[PDB]
Structure formats: C-alpha cells, structure tokens
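A.B. asks: Pasting a structure below so you can have a look.
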Amino acid sequence: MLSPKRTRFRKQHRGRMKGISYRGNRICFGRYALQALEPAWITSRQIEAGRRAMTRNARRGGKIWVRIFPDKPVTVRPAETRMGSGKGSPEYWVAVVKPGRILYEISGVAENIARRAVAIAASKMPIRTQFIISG
Amino acid sequence: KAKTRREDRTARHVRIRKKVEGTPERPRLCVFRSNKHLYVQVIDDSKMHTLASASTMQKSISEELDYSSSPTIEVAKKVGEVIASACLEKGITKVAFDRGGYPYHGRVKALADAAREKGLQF
Amino acid sequence: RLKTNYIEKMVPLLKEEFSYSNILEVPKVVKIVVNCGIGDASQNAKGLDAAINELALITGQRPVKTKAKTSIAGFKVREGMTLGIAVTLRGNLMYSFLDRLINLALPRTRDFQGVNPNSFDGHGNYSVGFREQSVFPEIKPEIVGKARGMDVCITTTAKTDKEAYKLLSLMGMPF
Amino acid sequence: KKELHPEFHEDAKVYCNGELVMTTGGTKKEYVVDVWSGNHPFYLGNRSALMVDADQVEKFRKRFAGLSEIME
RNA sequence: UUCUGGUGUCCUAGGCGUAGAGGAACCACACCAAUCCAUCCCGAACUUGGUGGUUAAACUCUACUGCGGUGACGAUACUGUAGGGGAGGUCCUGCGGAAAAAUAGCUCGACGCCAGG
RNA sequence: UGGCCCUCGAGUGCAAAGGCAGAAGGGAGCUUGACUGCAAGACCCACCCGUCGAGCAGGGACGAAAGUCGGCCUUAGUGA
C-alpha cells in the first residue's frame with residue numbers, strides 16, 4: 001500500500017490501525033481487484049516487490065493503477081535502551097491496510113491472465129488477501 | 001462561477017454600535033434623505049412600531065408652499081419638528097442619535113437639532 | 001468643443017450603430033488617469049519631485065503619492081517608498097484635457113504613425129502610452145531633468161470593448 | 001511660492017486649438033505621403049506576396065503535345 | 001389587495017449565474033457646483049443648490065430547477081450497559097441510542113411596524 | 001496606472017491556537033484612563049499567588065450627541 005512520494009518535513013507519530021470503518025472502497029479502475037482482511041504496516045519493500053511481480057508475468061501489456069498511499073511513519077530502536085523516540089527512516093515507512101478497501105487493479109487483458117497476475121501479487125502481501133471481480 | 005460574499009453598505013458604515021445595546025434595541029432616529037426628499041422616523045424598539053413618522057410631503061399639508069424646495073436645509077428643521085412634538089405627546093421623548101453616512105453637517109444636522117427644540121436633550 | 005461635440009455627433013452615431021433605445025446608456029468617459037511612473041530601483045527624491053511638478057502642469061492638478069505595495073520581490077525594494085504618480089480629471093477638466101491630446105500635442109510629435117495594436121482590457125476601457133519623446137503645450141523642454149514619457153489610461157462607462165473604440169474614434173483620438 | 005498658484009491653465013483646457021501659428025498643431029503630414037517617399041522596409045513588398053500561379057488551360061485546337069524524349 | 005422607501009424578527013428551503021420586465025406617485029442615475037464640507041490626486045465616492053433626460057447600470061419584482069444549499073425511509077459505522085469469542089491485534093451477541101456520505105424528494109423564502117401612490 | 005474575477009485561501013509587532021472585515025485590519029486629526037481612591041458578584045491554586053469585572057467618588061480627552069478609554073486582539077516578555 002505504497003507509492004513513490006516526494007521530499008518533505010515528514011516526521012510524526014506512529015498511529016494506530018482502527019476498525020474497518022475507514023477502508024471500504026470498491027472496484028473503480030480495472031476489471032478485477034484485490035482487497036485485504038486485516039490492517040497492518042505495509043512497507044515500501046512489499047508494494048514494490050508486489051507491483052513488479054504483477055507485471056513480471058505479463059511484460060508489455062496493460063497498465064497498473066495504485067489507489068493507495070502510505071503515511072504513518074515507522075520508528076525503530078537500534079539496540080540500546082529507550083532514551084527517546086525512534087528516527088522514522090531506519091528501515092522504511094508504512095500505512096494502514098484495513099479490510100474493505102481495494103488494492104491492485106488489472107484490466108485490458110483476459111480473465112485468466114488477470115487472475116494469475118493477482119495471485120503472485122497476493123503472495124508478496126504479508127496480510128491475507130481476498131479476490132473479487134466486479135458488480 | 002464562484003459565489004463571493006461582500007459586506008453590504010449598511011454593514012460597513014458603522015451602523016450598529018455597542019453600548020447603546022444596553023437595551024434590546026436603542027431608540028434610533030431614522031434620518032435618511034432620498035434623491036429629492038427626506039424621510040424621518042422615530043422608530044421604537046423591542047420588536048417594532050414607532051412613536052411618530054413625518055415626511056417632507058406630509059408637511060406640505062399642514063402649512064407649506066406647494067412647489068417648494070425640499071432638499072433645502074430650511075426644510076430639514078421643518079421635517080425634524082413636524083415629526084417631533086406629537087412624538088412626545090405619544091408618551092415621552094424616546095429618541096436617540098443614529099446616522100451613518102452624513103458628515104456631521106449633513107442634511108440631518110437640522111433633524112437632530114430640531115429634536116432639541118421640542119424637549120429631547122442630551 | 002470636446003464636451004459639446006459629445007451631444008451633437010458622438011452620442012447620435014452611438015444610437016444608430018448600436019441598439020436603439022433612450023439617450024443615455026451610451027459610451028461616456030468617466031475619468032482620465034495619465035499616470036507617469038518614475039524610474040524605480042534608483043533611490044532618489046529628485047525624480048519624485050520632478051514628476052509631481054511635471055504632470056501638475058499638463059493637467060493643472062497636484063499628482064498623487066502612491067506607495068509600494070507590501071510584497072516580496074527579487075530586488076531590494078522596501079515598502080513605504082513613493083515611485084509613481086497618477087492624476088485623473090473629471091467633468092469639464094476631463095473633456096478639456098482630453099481635447100488637448102486630440103487636437104494639439106499630436107501629431108506634433110515628430111514621426112507619429114498612429115497605428116495602434118490590439119490593446120483593450122475587456123470591459124469598455126482603453127489605454128495608451130507615450131515614448132520618452134512627447135510634447136505638450138505645458139511641458140517645457142528648457143528646465144527639466146531628462147525626456148520621459150507617461151501612460152494614459154482612459155476609462156469609459158462602456159459595457160463591452162466594441163463600445164470603447166467607437167467612442168474615441170468618432171471623438172477625434174488618432175486611430 | 002510655487003505651491004501658491006496650482007496653475008489651472010483653463011485657457012489651454014477649453015481652448016486647445018488656440019493659435020496654430022505658435023506651434024504646428026497638425027498642419028504637417030498627420031497621415032499622408034510627404035515628399036517622394038522612398039522607403040522599402042520588410043513590411044512593404046515582402047508582406048503582400050503577389051501570388052503567381054499559372055497553368056495550362058484546355059483549348060479547342062489540333063496541336064501535338066509532347067517532348068521528343070518521354071520520362072516520368 | 002397591488003407597487004415603493006427606511007428599520008427588524010429569521011441569517012446560503014432565503015446564495016450565485018442567466019433571461020425578461022417596471023416606476024420622473026416613490027427610489028437610483030443624472031444636472032450644477034463662487035460656497036458650509038470633502039478629495040494626502042480628481043466633489044468618482046461624501047457634500048450643497050436644483051431645469052432637463054433617463055430608469056441602461058444599480059436596486060426592487062417575475063421566469064428559468066447550470067452551479068450551491070436544505071434534507072427523508074432503509075442500511076451501515078460507532079457506542080453506554082450486561083456477556084460471550086479471539087492469530088492480525090480487532091471483532092461478535094442481547095439491548096438502548098444511532099449521525100457523516102449517498103438516494104427519492106423539497107426548494108430559486110416567508111412575514112412584522114410605519115409612510116408615500 | 002485603469003478595468004474585470006476580487007470569496008477568514010490577506011493583514012494581525014514577534015511562536016502558536018482561537019478569533020476578527022458591526023473589525024483590535026489600515027490611514028488621519030485631536031489627544032495621551034499606558035486615571036487616583038474603591039469596587040457587588042466570581043474564576044483559577046493545597047497555600048502564596050494569578051485573572052476578569054458592571055457600577056460608585058474626585059477630575060479630564062474625543063464626537064453634534066449617545067458614548068468610549070483604568071495600556072498594547074488574547075495568552076509569555078517573570079521571581080517573594
């Protein structure tokens with residue numbers, strides 16, 4: 001649930017994944033889609049390894065769309081005790097992937113080719129994913 | 001295209017003031033002049049109603065020249081006196097000074113002064 | 001002459017050319033702001049006084065003392081310094097002054113074409129400009145700093161642009 | 001005192017014409033050929049490009065057309 | 001009853017845009033301006049004395065549902081209390097309350113005191 | 001400079017929140033309550049302490065007048 005961002009004064013608290021309330025999108029772009037079931041801290045090394053894989057089995061075809069964006073920073077403690085708050089960029093950054101929201105979107109292709117494409121993309125995701133269609 | 005909010009004229013001429021609001025509504029004195037005549041009114045307060053309302057034309061009925069000038073300052077004091085007197089007889093002098101747009105010596109300088117001739121004093 | 005010509009030839013044609021109706025509601029000049037900016041950047045009070053006492057002759061009216069609007073530019077200009085003047089005449093003082101530029105002053109200027117580009121603002125308003133080589137019955141090239149021009153923005157009561165040039169063309173303004 | 005009399009100059013206001021004898025008030029060539037006028041800028045001649053497109057119109061007459069050598 | 005002016009109770013079902021239309025009985029433009037007064041530059045705006053013309057603009061109405069706004073029923077989210085599950089760190093159940101968004105629809109206000117036709 | 005769209009998206013002495021165009025915004029004249037002596041009724045603290053405040057008494061300033069002002073938009077700029 002991340003995408004290329006730009007430099008800024010990014011450095012705030014962590015946050016807290018709440019009820020499914022917020023997330024609850026549908027299927028706008030692309031024919032089929034893929035949703036989640038439980039919130040989490042998706043890093044950039046996960047979305048990138050999942051996006052390229054989505055087109056890795058395609059190569060020169062349709063177009064990929066991302067209706068998501070990270071926000072909630074991620075501070076980690078080196079190895080010492082706890083004197084203050086973490087940095088926020090040691091490893092990476094994440095957000096919140098609550099269920100009901102849409103993630104990947106594929107279209108302009110067949111049903112089978114667009115089916116296996118989401119398969120591998122789902123493996124890259126740490127949280128379980130639900131496969132849908134339309135309607 | 002895009003709705004724009006602009007404060008009306010009667011919202012920048014410093015019409016409504018503080019203090020006087022000691023009462024639900026201060027006994028203002030509607031002393032406005034049109035583009036030919038002038039209308040005076042001792043509007044009450046609370047909700048509405050007034051004590052006495054006179055005009056430049058109404059005076060012509062009592063005793064005034066027919067095709068006589070109105071914008072003239074001479075008529076100002078005449079319009080301020082006709083509205084007065086009877087206004088006091090209605091009960092008791094309940095008029096204040098309210099006017100936003102007349103540089104002191106405006107066509108209302110005689111209207112307010114006329115009130116000081118019937119009893120209203122401040 | 002300029003004012004009189006208005007209600008005896010100017011307005012008439014403005015009644016037949018455009019929509020037929022009453023007498024008024026026709027293109028009529030309201031004022032004439034012949035602003036004469038001064039060379040900015042250079043901090044000098046001489047150029048300021050040389051301007052105020054410059055237009056106060058051709059218009060016979062004490063100029064203005066505009067102040068630099070509060071803003072952040074590239075130059076080292078501050079807010080609170082005077083760098084321009086704009087006088088505007090009305091009534092008789094307007095028509096009379098406007099009649100000057102039309103009759104006199106021009107084509108007094110050597111090599112005066114007259115062909116004006118597009119221009120127009122978009123609401124019945126017209127403006128012109130004079131190079132650093134003009135001439136006016138009031139201006140005296142005997143006791144002045146340096147030859148400097150000025151801007152002349154004439155606004156009318158016209159609703160549209162097509163009703164702007166139609167008021168200055170039949171008036172006498174060079175076109 | 002220069003600030004005393006603001007100088008109205010009403011004379012030049014109402015009487016803009018006055019006397020053309022003093023200063024030429026549009027007596028010269030406001031907009032007309034001066035003398036000889038021999039100016040040929042880029043805006044003259046080059047602007048109004050005289051179109052020159054001539055072709056062969058079909059006529060009613062017996063004439064053999066075609067060069068000695070044929071070529072596409 | 002219709003129209004018009006000043007001041008309120010109510011402040012974007014009452015706002016904005018567009019089109020049409022009315023009055024020199026009322027209101028605005030407008031005429032004049034040596035003055036009281038004003039414009040650090042112009043009486044543009046205030047202001048003062050007032051033929052004529054107009055009511056185009058402005059303003060006050062009417063029509064027209066583009067743009068705003070007002071706003072159900074049902075469902076959903078959340079939650080108090082009393083309990084039960086549970087690997088995503090939340091969720092479910094009995095019960096009470098139950099909006100935001102969105103949909104049908106409503107809608108381009110309605111009146112009060114006084115004065116002048 | 002002139003015209004149009006001109007709608008806290010500007011300006012507030014300085015951080016920031018809130019608030020403000022009936023303006024403390026901005027400009028000018030007169031002035032200078034950036035008043036003395038008190039002060040019903042309350043807020044804020046364990047206490048000390050802090051804050052707001054109609055009106056009254058003795059005298060002034062501004063406006064025609066009603067009328068305002070006991071500091072500076074408010075909250076720090078301090079210490080028995």
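Just so we're on the same page: first chain in the structure tokens is A, next is B, and so on; residues restart at 1 for each chain, and ligands are numbered from 1 in the order they show up.
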Mind checking which residues fall within 10 Å of residue 25 in chain F, counting only C-alpha atoms (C1' of nucleotides), ignoring those fewer than 2 positions away in the same chain, and posting them as a list in words?

C.D. replies: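 Surrounding residues, per the criterion: residues 10, 11, 12, 20, 21 and 23 of chain F.
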
A.B. asks: Write the residues you've just listed into a file as a PDB file, in the first residue's frame, and include C-alpha atoms (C1' of nucleotides) for each of them.

C.D. replies:
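Listing of selection.pdb after writing:
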```
ATOM      1  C1'   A F  10      -4.680  38.835   3.326  1.00  0.00           C
ATOM      2  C1'   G F  11      -3.390  41.780   7.075  1.00  0.00           C
ATOM      3  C1'   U F  12      -2.752  40.995  12.860  1.00  0.00           C
ATOM      4  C1'   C F  20     -11.654  39.317  13.630  1.00  0.00           C
ATOM      5  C1'   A F  21     -13.704  42.765   7.541  1.00  0.00           C
ATOM      6  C1'   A F  23     -13.145  44.976  12.569  1.00  0.00           C
TER       7        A F  23
END
```

A.B. asks: Quick one: everything within 12 Å of residue 49 in chain F, counting only C-alpha atoms (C1' of nucleotides), minus sequence neighbours fewer than 4 positions away in the same chain. Send it as a ChimeraX atom specification.

C.D. replies: /F:44-45,79-80

A.B. asks: Env of range 30-35 of chain A: 7 Å cut, atoms = only C-alpha atoms (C1' of nucleotides), seq-sep filter 6 positions within chain, self excluded. Answer as a list in words.

C.D. replies: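 Everything that qualifies: residues 99, 100, 101, 102, 103, 104, 105, 106, 107, 129, 130, 131, 132, 133 and 134 of chain A.
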
A.B. asks: How far is it from CA of residue 107 in chain C to CA of residue 27 in chain D, in Å with one decimal?

C.D. replies: 8.5 Å

A.B. asks: Residues of chain B within 7 Å of chain E, counting only C-alpha atoms (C1' of nucleotides) - could you list those as number ranges by chain?

C.D. replies: B: 1, 3, 47-50, 53

A.B. asks: Got a sec to tell me which of range 47-134 of chain C DSSP assigns to strand (DSSP E), as JSON, numbers by chain?

C.D. replies: {"C": [88, 89, 125, 126, 127, 128, 129, 130]}

A.B. asks: Just the selected residues (C-alpha atoms), exported as an mmCIF file, in the first residue's frame, please.

C.D. replies:
```cif
data_model
loop_
_atom_site.group_PDB
_atom_site.id
_atom_site.type_symbol
_atom_site.label_atom_id
_atom_site.label_comp_id
_atom_site.auth_asym_id
_atom_site.auth_seq_id
_atom_site.Cartn_x
_atom_site.Cartn_y
_atom_site.Cartn_z
ATOM 1 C CA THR C 88 -7.275 61.854 -13.063
ATOM 2 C CA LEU C 89 -9.535 64.666 -14.267
ATOM 3 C CA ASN C 125 -11.785 50.601 -21.376
ATOM 4 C CA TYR C 126 -8.862 51.851 -23.463
ATOM 5 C CA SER C 127 -5.275 52.813 -22.635
ATOM 6 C CA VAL C 128 -2.283 54.248 -24.496
ATOM 7 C CA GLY C 129 1.391 55.005 -23.950
ATOM 8 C CA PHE C 130 3.871 57.700 -24.950
#
```

A.B. asks: Contacts from chain E to chain A, 10 Å maximum, only C-alpha atoms (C1' of nucleotides): show me the residue list as a VMD selection string.

C.D. replies: chain E and resid 76 to 78 88 to 91

A.B. asks: Leaving out residue 173 in chain C and any residue of its chain fewer than 5 positions from it, which residues lie within 8 Å of it when counting only C-alpha atoms (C1' of nucleotides), given as a PyMOL selection string?

C.D. replies: chain C and resi 101-102+168

A.B. asks: In Å, rounded to a single decimal, give me how far CA of residue 25 in chain B is from CA of residue 46 in chain B.

C.D. replies: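 Rounded to one decimal, the two atoms are 6.0 Å apart.
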
A.B. asks: Expressed in Å to a single decimal, how great is the separation between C1' of residue 70 in chain E and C1' of residue 6 in chain F?

C.D. replies: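 Atom-to-atom, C1' of residue 70 in chain E and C1' of residue 6 in chain F are spaced 28.3 Å apart.
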
A.B. asks: Using only C-alpha atoms (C1' of nucleotides), determine which residues lie at most 10 Å from residue 23 in chain D, disregarding the query and same-chain residues fewer than 5 positions distant; provide the list as a list in words.

C.D. replies: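 So, after excluding close chain neighbours, the residues are residues 104, 105, 108 and 137 of chain C; 18 of chain D.
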
A.B. asks: Residues near residue 85 in chain A, anyone? I mean within 9 Å using only C-alpha atoms (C1' of nucleotides), not counting same-chain ones fewer than 5 positions away, as a PDB file with N, CA and C atoms, in the first residue's frame.

C.D. replies:
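Done, and the output landed in result_26.pdb:
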```pdb
ATOM      1  N   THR A  75       9.269   4.250  13.268  1.00  0.00           N
ATOM      2  CA  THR A  75      10.485   4.468  14.042  1.00  0.00           C
ATOM      3  C   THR A  75      10.903   3.176  14.734  1.00  0.00           C
ATOM      4  N   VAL A  76      12.179   2.825  14.611  1.00  0.00           N
ATOM      5  CA  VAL A  76      12.699   1.608  15.221  1.00  0.00           C
ATOM      6  C   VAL A  76      13.896   1.902  16.120  1.00  0.00           C
ATOM      7  N   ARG A  77      14.008   1.148  17.209  1.00  0.00           N
ATOM      8  CA  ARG A  77      15.104   1.319  18.154  1.00  0.00           C
ATOM      9  C   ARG A  77      16.320   0.507  17.714  1.00  0.00           C
TER      10      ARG A  77
END
```

A.B. asks: Each residue of chain F with at least one atom at most 10 Å from chain B should appear once, together with its nearest atom pair and the corresponding distance in Å (one decimal); atoms considered: only C-alpha atoms (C1' of nucleotides); ordering: chain, then increasing residue number; output as CSV.

C.D. replies:
```
residue,atom,partner,partner_atom,distance
F:5,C1',B:2,CA,9.3
F:6,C1',B:4,CA,8.4
F:7,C1',B:4,CA,4.1
F:21,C1',B:7,CA,8.1
F:22,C1',B:16,CA,5.6
F:23,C1',B:12,CA,9.5
F:63,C1',B:104,CA,9.6
F:64,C1',B:104,CA,6.9
F:65,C1',B:97,CA,6.3
F:66,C1',B:97,CA,6.3
F:67,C1',B:19,CA,7.2
F:68,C1',B:19,CA,8.8
```

A.B. asks: Would you kindly return, as a list in words, each protein, DNA or RNA residue with an atom no farther than 9 Å from any atom of residue 10 in chain D, considering only C-alpha atoms (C1' of nucleotides) and excluding same-chain residues fewer than 4 positions away?

C.D. replies: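 In the requested format, the answer is residues 60, 93 and 96 of chain C; 14 and 15 of chain D.
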
A.B. asks: Counting only C-alpha atoms (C1' of nucleotides), collect the residues of chain C whose closest atom lies at most 9 Å from chain E, and write them out as an MDAnalysis selection string.

C.D. replies: chainID C and resid 21:26 30:31 61:65 85:90

A.B. asks: Write out as a PyMOL selection string all residues of chain A that backbone DSSP assigns to helix (DSSP H, G or I).

C.D. replies: chain A and resi 44-56+113-124

A.B. asks: Kindly determine which residues of chain F lie within 9 Å of chain C, considering only C-alpha atoms (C1' of nucleotides), and give the answer as a list in words.

C.D. replies: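 Only these qualify: residues 1, 2, 3 and 4 of chain F.
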
A.B. asks: I need the chosen residues saved as a PDB file, in the first residue's frame, with N, CA and C atoms (P, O5', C5', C4', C3', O3' and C1' of nucleotides).

C.D. replies:
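Written file, again-v9.pdb:
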```pdb
ATOM      1  P     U F   1      -0.747  51.912  -8.447  1.00  0.00           P
ATOM      2  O5'   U F   1      -1.213  52.458  -9.869  1.00  0.00           O
ATOM      3  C5'   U F   1      -1.298  53.857 -10.125  1.00  0.00           C
ATOM      4  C4'   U F   1      -1.915  54.104 -11.481  1.00  0.00           C
ATOM      5  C3'   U F   1      -3.265  53.445 -11.712  1.00  0.00           C
ATOM      6  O3'   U F   1      -4.319  54.257 -11.206  1.00  0.00           O
ATOM      7  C1'   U F   1      -1.853  53.017 -13.559  1.00  0.00           C
ATOM      8  P     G F   2      -5.669  53.567 -10.676  1.00  0.00           P
ATOM      9  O5'   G F   2      -6.416  53.107 -12.006  1.00  0.00           O
ATOM     10  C5'   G F   2      -7.088  54.054 -12.831  1.00  0.00           C
ATOM     11  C4'   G F   2      -7.704  53.363 -14.024  1.00  0.00           C
ATOM     12  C3'   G F   2      -8.586  52.167 -13.699  1.00  0.00           C
ATOM     13  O3'   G F   2      -9.912  52.582 -13.389  1.00  0.00           O
ATOM     14  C1'   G F   2      -7.073  51.584 -15.418  1.00  0.00           C
ATOM     15  P     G F   3     -10.816  51.687 -12.408  1.00  0.00           P
ATOM     16  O5'   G F   3     -11.274  50.461 -13.316  1.00  0.00           O
ATOM     17  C5'   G F   3     -12.223  50.643 -14.362  1.00  0.00           C
ATOM     18  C4'   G F   3     -12.400  49.360 -15.138  1.00  0.00           C
ATOM     19  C3'   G F   3     -12.736  48.132 -14.307  1.00  0.00           C
ATOM     20  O3'   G F   3     -14.135  48.053 -14.054  1.00  0.00           O
ATOM     21  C1'   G F   3     -10.997  47.608 -15.820  1.00  0.00           C
ATOM     22  P     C F   4     -14.671  47.189 -12.811  1.00  0.00           P
ATOM     23  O5'   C F   4     -14.497  45.680 -13.289  1.00  0.00           O
ATOM     24  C5'   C F   4     -15.270  45.163 -14.369  1.00  0.00           C
ATOM     25  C4'   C F   4     -14.810  43.769 -14.723  1.00  0.00           C
ATOM     26  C3'   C F   4     -14.778  42.776 -13.574  1.00  0.00           C
ATOM     27  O3'   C F   4     -16.060  42.192 -13.368  1.00  0.00           O
ATOM     28  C1'   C F   4     -12.748  42.650 -14.774  1.00  0.00           C
TER      29        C F   4
END
```
